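Novice: Pasting in a structure now, in C-alpha cells, and then I'll have a few things to ask.
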Amino acid sequence: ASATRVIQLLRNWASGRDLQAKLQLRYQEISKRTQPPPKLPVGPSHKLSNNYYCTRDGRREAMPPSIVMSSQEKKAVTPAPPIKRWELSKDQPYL
Amino acid sequence: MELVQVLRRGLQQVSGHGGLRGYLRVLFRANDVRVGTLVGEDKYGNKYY
Amino acid sequence: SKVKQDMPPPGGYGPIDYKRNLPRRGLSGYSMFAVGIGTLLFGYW
Amino acid sequence: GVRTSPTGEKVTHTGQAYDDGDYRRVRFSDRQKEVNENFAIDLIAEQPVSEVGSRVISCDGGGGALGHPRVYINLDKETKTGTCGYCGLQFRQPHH
Amino acid sequence: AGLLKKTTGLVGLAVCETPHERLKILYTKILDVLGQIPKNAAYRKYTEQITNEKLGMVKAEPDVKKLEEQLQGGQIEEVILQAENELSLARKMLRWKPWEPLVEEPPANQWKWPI
Amino acid sequence: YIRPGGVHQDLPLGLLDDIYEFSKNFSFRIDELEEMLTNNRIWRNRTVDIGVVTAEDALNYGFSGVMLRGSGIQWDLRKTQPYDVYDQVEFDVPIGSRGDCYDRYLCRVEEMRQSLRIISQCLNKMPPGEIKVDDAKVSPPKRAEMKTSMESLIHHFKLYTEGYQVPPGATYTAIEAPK
Amino acid sequence: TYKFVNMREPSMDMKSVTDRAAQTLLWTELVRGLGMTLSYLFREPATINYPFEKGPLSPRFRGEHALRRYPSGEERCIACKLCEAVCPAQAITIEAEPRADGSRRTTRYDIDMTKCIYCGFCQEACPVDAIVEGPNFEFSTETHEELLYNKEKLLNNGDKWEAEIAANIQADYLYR
Amino acid sequence: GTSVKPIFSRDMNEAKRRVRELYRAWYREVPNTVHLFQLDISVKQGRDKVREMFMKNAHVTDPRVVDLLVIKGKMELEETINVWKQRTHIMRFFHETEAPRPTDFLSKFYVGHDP
Amino acid sequence: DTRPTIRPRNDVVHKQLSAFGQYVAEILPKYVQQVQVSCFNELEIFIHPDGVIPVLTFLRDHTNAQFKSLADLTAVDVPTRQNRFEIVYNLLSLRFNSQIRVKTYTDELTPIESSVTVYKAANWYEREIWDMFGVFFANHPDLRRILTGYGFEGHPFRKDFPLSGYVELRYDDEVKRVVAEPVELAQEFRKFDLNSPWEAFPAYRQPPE
Ligand code: SF4
Ligand code: SF4
Ligand SMILES: [Zn+2]
C-alpha cells in the first residue's frame with residue numbers, strides 16, 4: 001500500500017496503469033464484521049384486516065391445460081410476432 | 001530515504017520479537033517475522049496479535 | 001422499530017468502470033526501427 | 001453425573017452397556033468410549049422449581065425468538081408441578 | 001439494395017449478390033410444387049397465403065434494404081435460405097400426405113395426466 | 001440460496017458495500033486478462049481460426065448460450081425471453097463475427113464487463129421488501145413467527161416433512177446459464 | 001442491444017502497417033506481457049499464513065454439527081424428527097424412547113458426516129434450534145469410522161463449541 | 001392386439017438368422033480378446049461361456065424380444081474388440097468372487113430365513 | 001399485480017399459442033392426435049410414433065414455425081399406461097422466441113426411427129434414452145452406452161429399477177481387480193409416505209371413476 005513510492009513507480013510503469021487507485025486485496029474499506037441487528041420487513045399480506053387465503057391461491061388457482069382441439073376464410077398466424085433486430089449498443093458499437 | 005526507513009523497521013522487527021531469540025524462534029516456528037499489538041491471551045499460552 | 005436491511009446509500013453507489021483500459025503506450029513504429037537501427041551502427045562503428 | 005459398568009465402561013445417559021463378552025467391545029480397546037459426563041436427566045432435576053401464581057404461564061424458555069416454541073402449560077395440578085414439554089423445567093403455583 | 005454487404009454477420013452464411021430475383025425464382029418454385037398438392041389440403045391454403053403474398057413486395061419493391069422489414073424475416077441472405085427449406089419442406093409432405101384421419105386414435109386413456 | 005419462492009435469507013448488513021468495493025476493482029482484473037492474453041500471438045495462434053462452426057450447424061447441433069453467440073447467432077435468453085428482473089436492466093450481448101475460438105474468447109471477456117454492468121444496475125436499484133413469498137404453504141414462516149403463531153408451526157412442520165404439493169403438469173423452464 | 005467483439009478495421013496506411021510490422025518483428029505485445037507479470041511480482045502476495053491465520057468467515061457459516069442445550073442444560077432436542085425428514089442425504093438417524101422423567105428425548109442422534117452434505121436444512125428444520133452446525137472445519141480424521149457421529153459425539157461437541165455457536169445464532173437469528 | 005410392428009425381424013426364423021452370425025462373431029473373437037486383454041482364462045471356457053448367456057434366454061417366442069437381445073448382445077462384442085471395456089468388465093461375467101450360492105433346500109434353511 | 005403472491009398470467013401469448021396450435025392441427029390431422037396449451041403459456045403437440053420426422057421437419061422448415069432448436073427429448077416411464085414410455089421433444093424458435101413440446105407413446109418393443117436427420121443434435125440424445133429407459137431408436141448411427149457403466153445391465157431410469165441397483169463394486173485383493181457383487185447397503189433407504197390423505201388442489205381432481 002507499505003510499498004514505497006519507488007517500486008510503486010515500477011509497478012505503475014511496467015503495468016502501464018496506476019494500481020494504487022484499486023488493488024486486488026482488501027483494506028479498511030471493508031464493512032466491519034459486527035454489523036448492527038436488522039429489522040427485516042414484514043410480508044405484504046401480513047395485515048390482520050381482510051387477508052383471506054381464498055384470495056391468493058397460487059397453487060389452487062392453476063387450471064388444467066385448456067382443451068382446444070382433440071382427436072376424440074382462414075388466415076396464417078405465428079406463435080409470436082417475429083423477432084425485432086436490435087440495434088447496436090449506443091455505448092460502444094464496435095469492439 | 002525510503003529504503004533507509006524500510007531497513008529501519010527491520011531492526012525494529014528484531015527489537016519487537018524480544019531481540020534475537022524471539023526473531024529466530026518465530027521465523028523458524030511460524031515463518032512470520034511481523035509484529036503487531038497484543039490483543040489477548042487465553043488460558044493456554046496461545047498468544048494472539 | 002424502523003425497517004432495517006442492507007440498502008444502498010441514498011445517492012447510490014459510485015459509478016463502476018467497465019471499459020477495457022488497455023494501455024495506449026510505447027513509441028511509434030518508425031521510432032523503434034529508427035532507434036533499433038540507431039544502436040546498430042553505433043555497434044559497428 | 002455418570003455411572004460405571006462392571007467392565008468400567010462408563011454408561012451413557014441412554015443406558016447403553018456392553019455385556020461381558022460382547023465382541024463389539026473390542027473397538028473401545030486402545031481407544032476411549034466417548035461419553036458425555038453431563039447427564040441431562042439429573043442436570044435439570046436439581047434446577048429450582050419456578051413459583052408463579054397463575055393458572056396459565058408461558059414457557060418460551062428465555063429469549064423468545066432464540067428459545068423454543070412458546071407453550072401455555074396449565075397450572076392447576078397440585079399433585080405434581082406442571083412442566084413445559086420442550087423446556088422440561090418445572091412450573092408450580094404457590095398454593096395455587 | 002445499395003453497396004453489397006461484406007458479411008451477413010453469420011459464419012457459414014454467405015452474401016448473395018443477386019438476392020431479389022433469387023427470392024423470385026425460389027418463390028415461384030414453391031408455388032409450382034404446390035400445384036401437385038390437392039386443393040383441400042390445409043398446407044396449400046397456408047402456402048399460397050404467404051408465398052405469392054410475400055412474392056408481392058419482392059416482385060414490386062427491389063431494394064433488399066427495405067425488403068428486410070417487408071418480411072420481418074431478418075437478413076435476405078437467410079430468407080432465401082429459409083425459402084429453400086420451405087421448398088424442401090414442400091417436398092417432404094408431398095410424401096407424408098397428412099390430411100387423412102389419424103393413423104390410430106390414442107390407445108385408451110393414455111393421456112390425461114396425472115395418473 | 002435460491003429456493004422456490006425467492007431466497008432463503010437476507011443479505012447481511014453492509015454486504016452490498018463490500019461487493020461494491022469488489023466491483024470497482026474487478027474491471028482492472030479483466031484488463032489483466034486481456035493485456036495478458038488478447039494480443040499475445042502465442043495465445044491467438046493456438047486459438048484463432050480454430051474449431052470454427054457455421055451458424056446453421058451450430059443451431060442444428062443444439063448448441064446454446066455463448067456457443068451460438070460466438071458464431072454471430074443473434075440470440076440471448078436474458079434478452080429474448082427476459083426471466084426475473086432481467087427485463088428491467090440494460091446490457092449489450094457480445095455477438096461474435098467469426099465463430100472460431102477467438103471470437104468466443106472476446107465474447108466471454110465482454111460478458112464479464114457486461115456482467116459488471118448488471119452488478120452496478122442491480123446495486124443502485126435494490127428495492128426493499130420481504131425475501132420470500134407471503135405464502136406459508138410454499139415458504140417456511142419466519143423463525144420468530146414459528147414460535148408464537150400456531151399456523152406457522154403447522155406450515156413449517158408439513159413443509160419440512162411432507163413439503164408443498166406442486167400442482168400436476170409439466171414445464172421446461174429455460175434460463176441462460178453462463179455455460 | 002448488442003455489440004460486436006471482433007469487427008476489426010486494420011487501417012492500410014503506411015503509418016499503421018509500420019506498427020504491425022514493428023509488432024511482429026520486435027515482440028512488442030510479448031514485451032507487454034513481460035512488463036505485465038513484472039508489475040505483478042513487484043506487488044505483495046495474498047497468501048494467508050495458515051494455521052497462524054485462517055480465512056475470513058461469516059456468522060452464518062456452516063461447518064460441523066453439534067447438538068446444544070438450554071441455559072438450564074437440558075438437551076434442546078425433543079425428537080420431533082423433523083431434521084431427518086428434510087435431510088437430503090438421510091444422514092440423520094434417530095429413535096425416540098420413553099424417559100424416566102417423562103421428557104422423552106432421543107436415545108439416538110447419529111449423523112453420518114460422510115453422507116451429510118452441510119446444507120444447513122437441519123437448523124431450519126429444528127423448531128428448538130437443537131441441532132445447529134458449528135463454525136469448526138478442522139474435524140478431519142484418518143479412519144472412516146470416526147466420522148459416524150453419534151448422540152454422545154454431538155453432545156460433547158455441542159458442549160465444546162457452545163461458546164461460539166451461541167453468539168453466532170445470537171447475531172444471526174434476526175436474519176433467520 | 002396380436003398384430004404388431006417388426007422392429008427388425010418378421011418371423012422367428014430370421015430371428016435365429018440374426019442370432020447365428022452374431023454367435024459366429026461372438027465365437028470368433030475369443031482368441032484375440034483373451035490375448036490382448038491379458039487374462040488368465042482359457043479360450044475354451046470363454047467359448048462355452050458364450051454358450052451360457054446364449055442359453056438362459058433361449059426360451060422366448062416373441063420375435064421382437066429375441067432380436068432385441070440380438071442388438072443387446074450386438075452391443076458388447078465391439079465394446080470389447082475396440083478395448084473399450086476393461087479386464088474388470090469381462091471378468092464380471094466370469095462370476096468368481098462370490099461363494100457358491102445354495103441350491104438344496106437344506107442349504108437355504110441353514111443359511112437364513114429367506115427363500 | 002394486486003396479488004403479488006400469485007404469479008400473473010398472460011392471455012396474449014396464451015391464445016396466440018392456441019391459435020398456432022390449431023394452425024399445425026389442421027395441417028396434419030393424421031398425426032396430431034392432441035393439442036394442449038397449459039396455464040403457463042406452454043404448447044403441447046401430442047403426435048403418433050410414426051410422426052417423428054414429418055412434424056419435426058415441418059416445425060423446423062416452416063415459415064410460420066421456424067423451430068430449429070432441439071431443446072431436449074426425454075422419456076416419462078409411466079407404468080400404469082399401456083405405453084409406458086413417453087418421448088417428449090422440445091423445440092425452440094429463434095424467430096418467434098417460443099417453445100414447442102411434442103409427445104409420442106411407446107412400449108418396450110415398439111421402435112422410434114431416429115430423428116437424427118431432422119435434428120442432428122439428437123445424435124447423442126438417444127444414446128442415453130436408450131440407456132436410462134431402454135427405448136430403442138431405429139435407423140440410428142450408434143446406440144452405445146454413455147451413462148451406464150461398461151457392460152452394465154438394465155435401464156436404471158425405468159421406474160421398476162431400484163435406486164441402489166443390483167451391483168456394487170469393491171477392490172478384491174484375491175484377484176487384484178475391482179469386482180461386482182449383489183448390493184447390500186450399510187443402511188436401507190428409509191422411504192417416506194408423505195402423500196397427505198386429504199385431497200390436494202381440486203382443480204386437477206380426477207373425475208369419478
Ligand atoms: S445439513 Fe443437516 S439436514 Fe442437511 S444433510 Fe446435513 S444433517 Fe441432513
Ligand atoms: S434435533 Fe431438533 S429437529 Fe432433530 S429430532 Fe431433535 S428436536 Fe427434532
Ligand atoms: Zn418451555
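Here, A, B, ... name the chains of the C-alpha cells in the order displayed, residue numbers run from 1 inside each chain, and ligands are numbered from 1 in the same displayed order.
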Return the neighbours of chain G among the residues of chain C, cut-off 9 Å, counting only C-alpha atoms, as a ChimeraX atom specification.
Specialist: /C:26,28-30,32-33
Novice: How would you write, as number ranges by chain, the set of residues in chain E that DSSP gives as alpha helix (DSSP H)?
Specialist: E: 19-33, 42-60, 64-71, 76-96
Novice: Tell me which protein, DNA and RNA residues are within 8 Å of range 94-111 of chain G, counting only C-alpha atoms, leaving out same-chain ones fewer than 3 positions away, and put them as number ranges by chain.
Specialist: D: 14, 41, 85-86, 88; G: 77-79, 81, 91, 116, 148-151, 154
Novice: Generate a file of the selected residues that holds N, CA, C and O atoms, formatted as an mmCIF file, in the first residue's frame.
Specialist:
data_model
loop_
_atom_site.group_PDB
_atom_site.id
_atom_site.type_symbol
_atom_site.label_atom_id
_atom_site.label_comp_id
_atom_site.auth_asym_id
_atom_site.auth_seq_id
_atom_site.Cartn_x
_atom_site.Cartn_y
_atom_site.Cartn_z
ATOM 1 N N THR D 14 -28.351 -42.681 28.045
ATOM 2 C CA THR D 14 -29.389 -43.538 27.481
ATOM 3 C C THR D 14 -29.480 -44.865 28.221
ATOM 4 O O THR D 14 -30.567 -45.446 28.333
ATOM 5 N N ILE D 41 -30.782 -35.728 32.480
ATOM 6 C CA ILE D 41 -31.874 -36.059 33.398
ATOM 7 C C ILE D 41 -31.619 -35.470 34.784
ATOM 8 O O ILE D 41 -32.488 -34.807 35.363
ATOM 9 N N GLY D 85 -43.136 -29.076 27.850
ATOM 10 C CA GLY D 85 -42.630 -30.242 27.149
ATOM 11 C C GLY D 85 -41.215 -30.043 26.640
ATOM 12 O O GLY D 85 -40.336 -30.878 26.866
ATOM 13 N N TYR D 86 -40.976 -28.928 25.951
ATOM 14 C CA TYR D 86 -39.653 -28.678 25.389
ATOM 15 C C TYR D 86 -38.664 -28.274 26.473
ATOM 16 O O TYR D 86 -37.520 -28.742 26.491
ATOM 17 N N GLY D 88 -38.775 -28.652 29.909
ATOM 18 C CA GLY D 88 -38.541 -29.618 30.957
ATOM 19 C C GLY D 88 -38.467 -29.043 32.352
ATOM 20 O O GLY D 88 -38.793 -29.751 33.312
ATOM 21 N N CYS G 77 -33.071 -30.926 22.040
ATOM 22 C CA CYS G 77 -33.729 -31.916 21.197
ATOM 23 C C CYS G 77 -34.901 -32.558 21.921
ATOM 24 O O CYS G 77 -34.782 -32.989 23.070
ATOM 25 N N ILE G 78 -36.038 -32.622 21.237
ATOM 26 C CA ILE G 78 -37.240 -33.243 21.770
ATOM 27 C C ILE G 78 -37.715 -34.386 20.874
ATOM 28 O O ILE G 78 -38.781 -34.950 21.097
ATOM 29 N N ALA G 79 -36.887 -34.768 19.902
ATOM 30 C CA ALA G 79 -37.208 -35.831 18.954
ATOM 31 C C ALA G 79 -38.508 -35.539 18.213
ATOM 32 O O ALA G 79 -39.396 -36.387 18.110
ATOM 33 N N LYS G 81 -38.337 -35.139 15.167
ATOM 34 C CA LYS G 81 -37.977 -35.903 13.985
ATOM 35 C C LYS G 81 -38.169 -35.123 12.694
ATOM 36 O O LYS G 81 -38.425 -35.722 11.645
ATOM 37 N N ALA G 91 -28.702 -38.628 6.267
ATOM 38 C CA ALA G 91 -27.581 -38.848 7.163
ATOM 39 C C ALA G 91 -27.987 -38.843 8.627
ATOM 40 O O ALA G 91 -27.212 -39.305 9.470
ATOM 41 N N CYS G 116 -23.788 -36.791 5.089
ATOM 42 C CA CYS G 116 -24.323 -35.442 5.190
ATOM 43 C C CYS G 116 -23.627 -34.504 4.214
ATOM 44 O O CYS G 116 -22.480 -34.724 3.817
ATOM 45 N N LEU G 148 -18.716 -41.145 11.783
ATOM 46 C CA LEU G 148 -20.089 -41.571 12.036
ATOM 47 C C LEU G 148 -20.476 -41.050 13.416
ATOM 48 O O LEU G 148 -20.490 -41.775 14.410
ATOM 49 N N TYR G 149 -20.787 -39.760 13.462
ATOM 50 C CA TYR G 149 -21.092 -39.105 14.725
ATOM 51 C C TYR G 149 -22.346 -39.703 15.344
ATOM 52 O O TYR G 149 -23.309 -40.015 14.641
ATOM 53 N N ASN G 150 -22.324 -39.874 16.658
ATOM 54 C CA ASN G 150 -23.441 -40.415 17.415
ATOM 55 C C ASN G 150 -23.915 -39.406 18.453
ATOM 56 O O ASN G 150 -23.300 -38.358 18.658
ATOM 57 N N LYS G 151 -25.016 -39.756 19.125
ATOM 58 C CA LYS G 151 -25.650 -38.840 20.071
ATOM 59 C C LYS G 151 -24.647 -38.298 21.080
ATOM 60 O O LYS G 151 -24.663 -37.109 21.415
ATOM 61 N N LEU G 154 -22.138 -35.727 19.246
ATOM 62 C CA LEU G 154 -22.752 -34.419 19.046
ATOM 63 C C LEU G 154 -22.907 -33.668 20.359
ATOM 64 O O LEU G 154 -22.641 -32.464 20.420
#
Novice: Nearest to ligand 1: which of G:123, G:37, G:49, G:24 is it, counting only C-alpha atoms and all ligand atoms?
Specialist: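 Residue with the minimum atom-to-atom distance to ligand 1: G:123.
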Novice: Can you pull out every residue within 12 Å of residue 113 in chain G, counting only C-alpha atoms, but drop anything in the same chain fewer than 5 positions away, and send it as a VMD selection string?
Specialist: chain G and resid 63 to 66 89 to 93 118 133 137 139 to 141 144 to 150 153 to 154
Novice: May I have the selected residues written with C-alpha atoms, as a PDB file, in the first residue's frame?
Specialist:
ATOM      1  CA  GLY G  63     -19.412 -26.405   9.448  1.00  0.00           C
ATOM      2  CA  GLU G  64     -19.513 -29.370  11.810  1.00  0.00           C
ATOM      3  CA  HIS G  65     -22.790 -30.293  13.509  1.00  0.00           C
ATOM      4  CA  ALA G  66     -23.154 -30.039  17.283  1.00  0.00           C
ATOM      5  CA  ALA G  89     -28.951 -37.315   2.257  1.00  0.00           C
ATOM      6  CA  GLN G  90     -30.718 -39.225   5.072  1.00  0.00           C
ATOM      7  CA  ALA G  91     -27.581 -38.848   7.163  1.00  0.00           C
ATOM      8  CA  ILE G  92     -29.652 -38.269  10.320  1.00  0.00           C
ATOM      9  CA  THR G  93     -30.831 -41.422  12.093  1.00  0.00           C
ATOM     10  CA  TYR G 118     -23.954 -29.469   5.096  1.00  0.00           C
ATOM     11  CA  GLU G 133     -23.858 -26.939  12.847  1.00  0.00           C
ATOM     12  CA  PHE G 137     -13.972 -27.217   9.901  1.00  0.00           C
ATOM     13  CA  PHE G 139     -12.682 -32.075  12.169  1.00  0.00           C
ATOM     14  CA  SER G 140     -10.688 -34.180   9.729  1.00  0.00           C
ATOM     15  CA  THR G 141      -9.635 -37.721  10.563  1.00  0.00           C
ATOM     16  CA  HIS G 144     -13.839 -43.564   8.204  1.00  0.00           C
ATOM     17  CA  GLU G 145     -15.362 -44.725  11.498  1.00  0.00           C
ATOM     18  CA  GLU G 146     -14.741 -41.521  13.459  1.00  0.00           C
ATOM     19  CA  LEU G 147     -16.977 -39.595  11.030  1.00  0.00           C
ATOM     20  CA  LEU G 148     -20.089 -41.571  12.036  1.00  0.00           C
ATOM     21  CA  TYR G 149     -21.092 -39.105  14.725  1.00  0.00           C
ATOM     22  CA  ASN G 150     -23.441 -40.415  17.415  1.00  0.00           C
ATOM     23  CA  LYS G 153     -20.342 -37.204  19.995  1.00  0.00           C
ATOM     24  CA  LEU G 154     -22.752 -34.419  19.046  1.00  0.00           C
TER      25      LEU G 154
END
Novice: Between G:4, G:42, G:70, G:50, which residue has the minimum interatomic distance to ligand 3, considering only C-alpha atoms and all ligand atoms?
Specialist: G:70
Novice: Which residues are close to residue 11 in chain A, i.e. within 12 Å by only C-alpha atoms, leaving aside same-chain residues fewer than 2 positions away? Reply as a PyMOL selection string.
Specialist: (chain A and resi 1+3-9+13-20+23) or (chain G and resi 35-44)
Novice: Can you measure CA of residue 97 in chain E to CA of residue 26 in chain E for me? One decimal in Å is fine.
Specialist: 22.6 Å
Novice: From the options G:53, G:138, G:162, G:84, which residue's atoms come nearest to chain B, counting only C-alpha atoms?
Specialist: G:53
Novice: What residues in chain C have any atom no more than 8 Å from chain F when counting only C-alpha atoms, and can you write them as a list in words?
Specialist: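 Applying the cut-off to the listed atoms yields residues 5, 6, 7, 8, 12, 13, 15, 16, 17, 18, 19, 20, 21 and 22 of chain C.
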Novice: At what distance in Å, to one decimal, does CA of residue 183 in chain I lie from CA of residue 164 in chain I?
Specialist: 7.3 Å
Novice: Give me, as a PyMOL selection string, the residues of chain D that a backbone DSSP run labels strand (DSSP E).
Specialist: chain D and resi 3-5+8-11+50-51+91-92
Novice: Export, as a compact mmCIF listing (two decimals), in the first residue's frame, the selected residues with N, CA and C atoms.
Specialist:
# COMPACT_ATOMS: atom_id res chain seq x y z
N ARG D 3 -22.38 -43.06 35.77
CA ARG D 3 -22.07 -44.29 36.49
C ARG D 3 -21.05 -45.11 35.70
N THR D 4 -20.69 -46.26 36.25
CA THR D 4 -19.71 -47.15 35.64
C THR D 4 -20.27 -48.56 35.55
N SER D 5 -20.02 -49.21 34.42
CA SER D 5 -20.42 -50.59 34.22
C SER D 5 -19.49 -51.53 34.97
N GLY D 8 -16.23 -51.33 33.83
CA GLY D 8 -15.86 -49.93 33.90
C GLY D 8 -16.74 -49.10 33.00
N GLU D 9 -16.42 -49.07 31.70
CA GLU D 9 -17.36 -48.78 30.61
C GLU D 9 -18.44 -47.77 30.96
N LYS D 10 -18.05 -46.54 31.29
CA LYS D 10 -18.98 -45.53 31.79
C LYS D 10 -20.26 -45.49 30.97
N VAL D 11 -21.38 -45.79 31.62
CA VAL D 11 -22.65 -45.94 30.93
C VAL D 11 -23.21 -44.56 30.61
N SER D 50 -39.92 -23.31 39.52
CA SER D 50 -40.50 -21.98 39.40
C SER D 50 -41.76 -21.86 40.23
N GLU D 51 -41.98 -20.67 40.80
CA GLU D 51 -43.14 -20.38 41.65
C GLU D 51 -43.82 -19.14 41.09
N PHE D 91 -42.89 -25.78 36.39
CA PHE D 91 -43.68 -24.68 36.96
C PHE D 91 -44.64 -25.21 38.01
N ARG D 92 -44.67 -24.54 39.16
CA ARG D 92 -45.62 -24.86 40.21
C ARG D 92 -46.23 -23.58 40.74
Novice: Counting only C-alpha atoms, which residues from chain D have an atom at most 6 Å from any atom of chain G, and could you show them as a ChimeraX atom specification?
Specialist: /D:14,35-36,40,44,68
Novice: What's around residue 15 in chain I at 10 Å? Count only C-alpha atoms, leave out sequence neighbours fewer than 5 positions away in its own chain, and write the answer as a PDB file with C-alpha atoms, in the first residue's frame.
Specialist:
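Contents of around01.pdb, as written:
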ATOM      1  CA  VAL A  68     -58.730 -26.518 -27.749  1.00  0.00           C
ATOM      2  CA  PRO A  79     -46.759 -18.468 -32.385  1.00  0.00           C
TER       3      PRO A  79
ATOM      4  CA  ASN I  10     -50.518 -13.663 -19.893  1.00  0.00           C
ATOM      5  CA  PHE I  20     -50.822 -21.668 -33.573  1.00  0.00           C
ATOM      6  CA  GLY I  21     -51.938 -24.959 -32.041  1.00  0.00           C
ATOM      7  CA  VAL I  37     -51.905 -25.141 -24.228  1.00  0.00           C
ATOM      8  CA  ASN I  41     -48.348 -20.484 -21.976  1.00  0.00           C
TER       9      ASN I  41
END
Novice: As a PyMOL selection string, please: every protein or nucleic acid residue near ligand 3 (cut-off 9 Å, counting only C-alpha atoms and all ligand atoms).
Specialist: chain D and resi 58-62+67-73+83-90
Novice: Within 8 Å of chain E, which residues belong to chain A? Use only C-alpha atoms and report them as a list in words.
Specialist: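 On the chain A side, the interface is residues 71, 72, 75, 76, 82, 83, 84 and 85 of chain A.
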Novice: What would the file look like if the residues just selected were written as a PDB file, in the first residue's frame with N, CA, C and O atoms?
Specialist:
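What follows is the written file out00.pdb:
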ATOM      1  N   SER A  71     -58.599 -35.271 -30.726  1.00  0.00           N
ATOM      2  CA  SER A  71     -58.985 -36.270 -31.716  1.00  0.00           C
ATOM      3  C   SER A  71     -60.367 -36.834 -31.417  1.00  0.00           C
ATOM      4  O   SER A  71     -61.174 -37.040 -32.331  1.00  0.00           O
ATOM      5  N   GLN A  72     -60.659 -37.087 -30.145  1.00  0.00           N
ATOM      6  CA  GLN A  72     -61.957 -37.620 -29.747  1.00  0.00           C
ATOM      7  C   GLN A  72     -63.018 -36.526 -29.744  1.00  0.00           C
ATOM      8  O   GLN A  72     -62.713 -35.353 -29.526  1.00  0.00           O
ATOM      9  N   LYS A  75     -56.801 -17.798 -42.007  1.00  0.00           N
ATOM     10  CA  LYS A  75     -55.629 -16.941 -42.071  1.00  0.00           C
ATOM     11  C   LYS A  75     -54.427 -17.695 -41.516  1.00  0.00           C
ATOM     12  O   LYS A  75     -54.569 -18.664 -40.766  1.00  0.00           O
ATOM     13  N   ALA A  76     -53.236 -17.245 -41.902  1.00  0.00           N
ATOM     14  CA  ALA A  76     -51.997 -17.814 -41.390  1.00  0.00           C
ATOM     15  C   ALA A  76     -51.463 -16.958 -40.250  1.00  0.00           C
ATOM     16  O   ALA A  76     -51.445 -15.727 -40.338  1.00  0.00           O
ATOM     17  N   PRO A  82     -42.635 -12.028 -35.199  1.00  0.00           N
ATOM     18  CA  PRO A  82     -41.220 -12.311 -35.464  1.00  0.00           C
ATOM     19  C   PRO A  82     -40.320 -11.346 -34.712  1.00  0.00           C
ATOM     20  O   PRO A  82     -40.693 -10.205 -34.432  1.00  0.00           O
ATOM     21  N   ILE A  83     -39.123 -11.830 -34.368  1.00  0.00           N
ATOM     22  CA  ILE A  83     -38.229 -11.051 -33.521  1.00  0.00           C
ATOM     23  C   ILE A  83     -37.862  -9.717 -34.176  1.00  0.00           C
ATOM     24  O   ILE A  83     -37.979  -9.528 -35.393  1.00  0.00           O
ATOM     25  N   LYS A  84     -37.443  -8.775 -33.339  1.00  0.00           N
ATOM     26  CA  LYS A  84     -37.027  -7.453 -33.786  1.00  0.00           C
ATOM     27  C   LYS A  84     -35.507  -7.381 -33.746  1.00  0.00           C
ATOM     28  O   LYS A  84     -34.894  -7.671 -32.713  1.00  0.00           O
ATOM     29  N   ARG A  85     -34.907  -7.003 -34.870  1.00  0.00           N
ATOM     30  CA  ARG A  85     -33.462  -6.856 -34.975  1.00  0.00           C
ATOM     31  C   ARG A  85     -33.010  -5.722 -34.065  1.00  0.00           C
ATOM     32  O   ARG A  85     -33.245  -4.551 -34.376  1.00  0.00           O
TER      33      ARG A  85
END
